[PDB]
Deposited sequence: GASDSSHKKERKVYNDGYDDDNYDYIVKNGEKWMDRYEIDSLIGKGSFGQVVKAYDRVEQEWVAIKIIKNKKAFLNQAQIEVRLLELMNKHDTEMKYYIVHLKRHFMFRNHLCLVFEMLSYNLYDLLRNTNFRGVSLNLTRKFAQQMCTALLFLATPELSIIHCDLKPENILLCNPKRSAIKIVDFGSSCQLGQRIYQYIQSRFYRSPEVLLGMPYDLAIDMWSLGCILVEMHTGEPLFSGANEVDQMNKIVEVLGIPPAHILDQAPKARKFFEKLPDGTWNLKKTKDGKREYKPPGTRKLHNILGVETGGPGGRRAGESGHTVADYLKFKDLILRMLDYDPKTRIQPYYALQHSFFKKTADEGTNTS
């Protein structure tokens, strides 16, 4: 009948209520998020005199244990002095309240998915995309700090938020699915649209999977539509092949899941299995971006900073972010050194 003395519901969530006062400090405003982990509420901190985002975890061992990993990752990031850490959302403090673990975060603004939505999925300029690009590449340089070596593992537009409605400052949220580099435990990771080929193929993976996702995201922000919108993994991989062609043979010769998407012919070469799709490597990024044709759908023709040279610098960077070889894929340091950010 009742759960946690009438404070919880069926799904172990805390029943949030407008204007509730927690610990004579936090004044609860309204619900602003929901997921497996639980809920995210907007609250006014009366001590610090500032709005905060309180992530209320479910009263369940499984979720609690996951939140404790996240706290440990966020606190470990807060230990470092570097100025790159401010592209990661800031854990202010955490506490237990009515058997729920509550993480207090700074109050950020709209996520980049709502930004796509606000454009009716037509995208944002190459100028704004440069600014997001440069900030994200710095955030990934930060996670790549040797002592951190953190893979965020679920990079997507909705997991990137603006600090302010009126600014192009962004921060990465949701480190729930994140872990530090190590021996492979998990194989079903990343949101499918932004899932890297090594994961799809089930090969060993490292921090390079976040860069693949970054490149998918940067093309989405500018064109307005996902670059690879697979309905399932077979569809996801075919859609990648459309743009980048067949993965090299030495890669497919290693992959546990090669034969889920491909077939090794008697000559030794690898080809797609049938299920539709353009032949391998004929949906050129050159044309998806509209390099020489005034951008995506010709909507950027005549707009400052959207010249043919500018598009060729954007294109080149993205192709280095979508390298099939994670060994050869562009690292965050060399990315910040790219002609596109001049």
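Novice: Missing CA coverage against the deposited sequence, listed in sequence order.
Specialist: Missing CA coords at 1-11, 287-291, 359-368.
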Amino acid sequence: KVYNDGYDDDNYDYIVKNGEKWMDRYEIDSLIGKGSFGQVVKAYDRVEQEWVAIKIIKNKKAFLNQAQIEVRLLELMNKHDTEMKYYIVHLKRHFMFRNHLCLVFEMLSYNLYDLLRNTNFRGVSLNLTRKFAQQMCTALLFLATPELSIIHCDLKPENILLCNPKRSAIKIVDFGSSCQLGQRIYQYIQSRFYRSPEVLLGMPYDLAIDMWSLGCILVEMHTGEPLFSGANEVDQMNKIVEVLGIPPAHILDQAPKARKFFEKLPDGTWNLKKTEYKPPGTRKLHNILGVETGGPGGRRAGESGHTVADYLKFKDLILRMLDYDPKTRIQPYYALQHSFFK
From here on, numbers count along this sequence of modelled residues.
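Only the largest set of C-alpha atoms that superpose within 1.5 Å between the two forms is called the rigid core.
Novice: Once the rigid core is lined up, would you tell me whether 150-158 or 97-105 has the higher RMS CA deviation in 9 other deposited structures of this protein?
Specialist: Most displaced of the pair in 9 other deposited structures of this protein: 97-105.
Novice: When the core is superposed, where do the C-alphas shift more in 9 other deposited structures of this protein: in 312-320 or in 44-52?
Specialist: Once the core is superposed, the stretch further away in 9 other deposited structures of this protein is 44-52.
Novice: Comparing 262-270 with 211-219, which stretch shows the greater average C-alpha B-factor in the deposited entry?
Specialist: So the stretch with the higher mean C-alpha B-factor is 262-270.
Novice: Using only C-alpha atoms and the B-factors in the entry, which stretch averages higher, 163-171 or 234-242?
Specialist: That would be 163-171.
Novice: I'd like to know which of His80, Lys131, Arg192, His90 has the highest C-alpha temperature factor in the PDB entry.
Specialist: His80 has the highest C-alpha B-factor of those listed.
Novice: Which listed residue, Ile151, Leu74, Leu103, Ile251, has the largest C-alpha temperature factor in the record?
Specialist: When the deposited C-alpha B-factors of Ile151, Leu74, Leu103, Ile251 are compared, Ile251 is largest.
Novice: Which third of the chain does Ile330 land in by C-alpha B-factor: lowest, middle or highest?
Specialist: According to the entry, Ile330 has a C-alpha B-factor in the chain's middle third.
Novice: Ranking every modelled residue in this chain by its Cα temperature factor as given in the entry, which third contains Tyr86?
Specialist: According to the entry, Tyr86 has a C-alpha B-factor in the chain's highest third.
Novice: Should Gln183 be placed in the lowest, middle or highest third of its chain by the C-alpha B factor in the entry?
Specialist: Answer is middle: the recorded C-alpha B-factor places it there.
Novice: Would you check the entry's CA temperature factor for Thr275 and let me know if it's in the chain's lowest, middle or highest third?
Specialist: For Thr275, whose C-alpha B-factor we compare with every modelled residue in the chain, the answer is the highest third.
Novice: For the chain shown, is the CA B-factor of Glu48 in the lowest, middle or highest third of its modelled residues?
Specialist: Ranked within chain, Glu48 CA B lands in the highest tercile.
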